[PDB]
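Novice: Here it is: the structure, laid out below.
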Amino acid sequence: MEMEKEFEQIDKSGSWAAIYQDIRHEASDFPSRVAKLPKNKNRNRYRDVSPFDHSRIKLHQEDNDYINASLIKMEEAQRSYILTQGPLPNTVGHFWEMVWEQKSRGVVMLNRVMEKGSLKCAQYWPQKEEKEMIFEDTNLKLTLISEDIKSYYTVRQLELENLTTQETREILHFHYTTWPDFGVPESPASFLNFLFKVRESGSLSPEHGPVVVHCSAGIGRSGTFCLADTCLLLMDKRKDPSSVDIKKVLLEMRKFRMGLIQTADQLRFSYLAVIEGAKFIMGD
Ligand SMILES: NC(=O)NOCc1ccccc1
Ligand SMILES: NC(=O)NOCc1ccccc1
Ligand SMILES: NC(=O)NOCc1ccccc1
Numbered sequence: 001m002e003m004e005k006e007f008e009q010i011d012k013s014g015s016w017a018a019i020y021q022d023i024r025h026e027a028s029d030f031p032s033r034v035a036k037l038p039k040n041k042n043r044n045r046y047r048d049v050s051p052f053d054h055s056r057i058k059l060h061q062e063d064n065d066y067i068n069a070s071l072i073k074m075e076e077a078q079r080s081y082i083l084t085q086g087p088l089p090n091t092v093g094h095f096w097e098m099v100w101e102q103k104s105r106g107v108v109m110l111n112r113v114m115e116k117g118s119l120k121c122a123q124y125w126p127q128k129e130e131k132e133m134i135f136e137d138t139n140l141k142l143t144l145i146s147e148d149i150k151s152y153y154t155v156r157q158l159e160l161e162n163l164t165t166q167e168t169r170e171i172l173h174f175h176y177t178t179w180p181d182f183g184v185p186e187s188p189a190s191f192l193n194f195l196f197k198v199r200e201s202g203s204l205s206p207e208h209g210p211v212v213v214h215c216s217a218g219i220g221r222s223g224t225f226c227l228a229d230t231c232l233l234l235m236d237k238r239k240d241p242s243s244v245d246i247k248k249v250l251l252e253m254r255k256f257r258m259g260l261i262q263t264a265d266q267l268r269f270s271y272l273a274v275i276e277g278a279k280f281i282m283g284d
């Protein structure tokens, strides 16, 4: 069924809350035993948001391999994403270790450091060229190379150096700075523009490791970003783009990380983004 009219059928009936609860009811439940070990309590921002054991990213160290991060592998779309929480004061070194070990080209950030007067994640990247960051616990160095500030997002070029080998890589930081403190954007125009800028960079492409995507918990805004991208890629690839069922793509993604799309408003916004993104590509 074409999703514009279905969209219109849910909107006219006002059943967004009822669709969203059906998804929550059918979603996968797998164990998260490593996340709940007592040694890992200060590595988790939220007690109710954990990576599943089968899909968690492992750090390449013998001490403690745990980070709150999951690999979302979409087989038919041929895309992979790492979804993770906003780094904590004691996990900033782990975060950059993961970016290095997984060979990521891009980091996508969908939140501000402060929202609603509270800290949503650590200041994990340098703000001035001449004041670089060193993480002694994971032996890495991070330098701001350049910054391009626009109205809805900022793009930064960073240099990440493995102090053990003296190898360096360029990491692109894509920071969406205008998601509102409450609710979802009114138009998906600036979110779709942002997504097309990340694609243009090469960050989502198979010649690199998976892109790292985060918000505060790494399930709501982060969920919206990977659901919209995968759905539009499938519409490009299949003979009949109407076959593409956003609710079925979301349930497949929820086999890899719990809780993706946190509210009925985020579900409606996801539909809007895919429809408009489809209409802008599919002709007019
Ligand atoms: N140069 C340097 O040591 N920077 O500290 C990095 C850092 C640690 C914890 C939270 C945010 C940033
Ligand atoms: N603590 C620890 O052993 N971390 O290993 C990760 C790491 C660090 C530097 C360069 C490459 C990998
Ligand atoms: N880009 C692309 O895949 N175009 O062909 C699909 C299409 C576009 C507009 C109207 C109907 C079908």
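Residues in the sequence shown are numbered from 1 upward in steps of one, following the deposited numbering.
The C-beta atom is built at its ideal place from N, Cα and C for all residues, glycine as well.
(1) From the DSSP secondary-structure annotation, give me the bridge partner or partners of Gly209.
(2) Let's test the definition: count the other Cβ atoms within 10 Å of the Cβ of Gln266 and tell me whether it reaches 16, buried, or not, exposed.
(3) Under the criterion of a Cβ to heavy atom distance below 7 Å, does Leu204 qualify as lining ligand 4?
(4) Taking 7 Å as the cut-off, is the CB of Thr178 close to at least one heavy atom of ligand 2?
(5) What is the C-beta distance between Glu161 and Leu195, in whole angstroms, given that I count them as a contact (C-beta under 8 Å)?
(6) Cα separation between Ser243 and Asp236?
(7) Using a Cβ-Cβ cut-off of 6 Å (strictly less than) and excluding sequence neighbours within five positions of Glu147, which residues of its own chain qualify?
(8) If we count the other Cβ atoms within 10 Å of its Cβ and call it buried at 16 or more, is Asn193 buried or exposed?
(9) Just the C-alpha distance for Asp48 and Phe280, rounded to the nearest angstrom, thanks.
(10) Under 8 Å by Cβ, that's how I've got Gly209 and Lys103 pegged, so tell me the actual separation to the nearest angstrom.
(11) Using a Cβ-Cβ cutoff of less than 6 Å, which residues in the same chain neighbour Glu2 once the five nearest sequence positions on both sides are dropped?
(12) Closer than 5 Å from C-beta to any heavy atom of ligand 2: which residues, in chain order?
(13) From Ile19 to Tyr271, what distance separates their C-alpha atoms?
(14) Have a look at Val107 and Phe95 and give me their C-alpha separation to the nearest angstrom.
(15) Kindly indicate the opening and closing residues of the alpha helix (DSSP H) around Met1.
(16) Who's in the neighbourhood of ligand 3, going by beta-carbon under 5 Å from any heavy atom, listed in chain order?
(17) Within the structure, which residues are defined as neighbours of ligand 1 by a Cβ-heavy atom distance below 5 Å, reported in chain order?
(18) Taking just the CA atoms, how far does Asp63 sit from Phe225?
(19) Between the region 78-85 and the region 23-42, can you find at least three pairs of beta-carbon atoms closer than 8 Å?
(20) DSSP beta-bridge partners for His60?
(21) Measuring CA to CA, which of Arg79, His173, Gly259 is closest to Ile149?
(22) What is the C-beta distance between residue 286 and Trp125, in whole angstroms, given that I count them as a contact (C-beta under 8 Å)?
(23) Given a cut-off of 8 Å on the beta-carbon distance, is the pair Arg24 and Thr91 in contact?
(24) Going by beta carbon distance, what residues of the same chain come within less than 6 Å of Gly218, once the five residues before and after it are set aside?
(25) Would you kindly report the start and end of the unbroken alpha helix (DSSP H) that includes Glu200?
(26) Tell me, which residues are paired with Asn162 by DSSP?
Specialist: Walking through what the data contain:
(1) For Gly209, the pairing in a beta bridge is given by DSSP as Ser104.
(2) So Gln266 counts as buried.
(3) As presented, the structure is devoid of ligand 4, carrying ligand 1, ligand 2 and ligand 3 as its sole ligands.
(4) Taking the Cβ of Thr178 as the reference point, every heavy atom of ligand 2 lies at 7 Å or farther away.
(5) At roughly 29 Å, the Cβ-Cβ gap does not stay under 8 Å, so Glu161 and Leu195 are not in contact.
(6) Going by the C-alpha atoms only, they are around 12 Å apart.
(7) Excluding sequence neighbours, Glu147 sits near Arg156.
(8) Flag for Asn193 reads exposed.
(9) When rounded, the distance between both Cα atoms is 38 Å.
(10) In this structure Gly209 is in contact with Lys103, their Cβ atoms being roughly 3 Å apart against a cut-off of 8 Å.
(11) When the five nearest sequence neighbours on each side are left out, the beta carbons in the same chain lying within less than 6 Å of the beta carbon of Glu2 are those of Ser242, in order along the chain.
(12) Result: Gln61, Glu97, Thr138, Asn139, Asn162, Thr164.
(13) Taking the straight line joining both Cα atoms gives about 12 Å.
(14) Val107 and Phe95: Cα-Cα distance of roughly 10 Å.
(15) Under the DSSP assignment, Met1 falls outside any alpha helix (DSSP H); it carries neither an H nor an E label.
(16) For ligand 3, the residues with a Cβ under 5 Å from any of its heavy atoms are, in chain order, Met282, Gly283.
(17) Screening all residues for a C-beta within a distance smaller than 5 Å of any heavy atom in ligand 1 leaves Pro89, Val92, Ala122, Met133, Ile134, in chain order.
(18) So the alpha carbons of these two residues sit roughly 33 Å apart.
(19) Touching, no, given that fewer than three Cβ pairs across the two stretches are closer than 8 Å.
(20) None, per the DSSP bridge assignment.
(21) The candidate whose alpha carbon is nearest that of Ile149 is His173.
(22) Outside the modelled stretch of the chain, which goes from 1 to 284, sits residue 286, for which no answer is possible.
(23) Between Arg24 and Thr91, the gap from beta carbon to beta carbon reaches 8 Å or more.
(24) Excluding sequence neighbours, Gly218 sits near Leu83, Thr84, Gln85.
(25) Counting along the chain, the alpha helix (DSSP H) containing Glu200 begins and ends at 189-201.
(26) According to the DSSP secondary-structure assignment, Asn162 is paired through a beta bridge with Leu140, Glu167.
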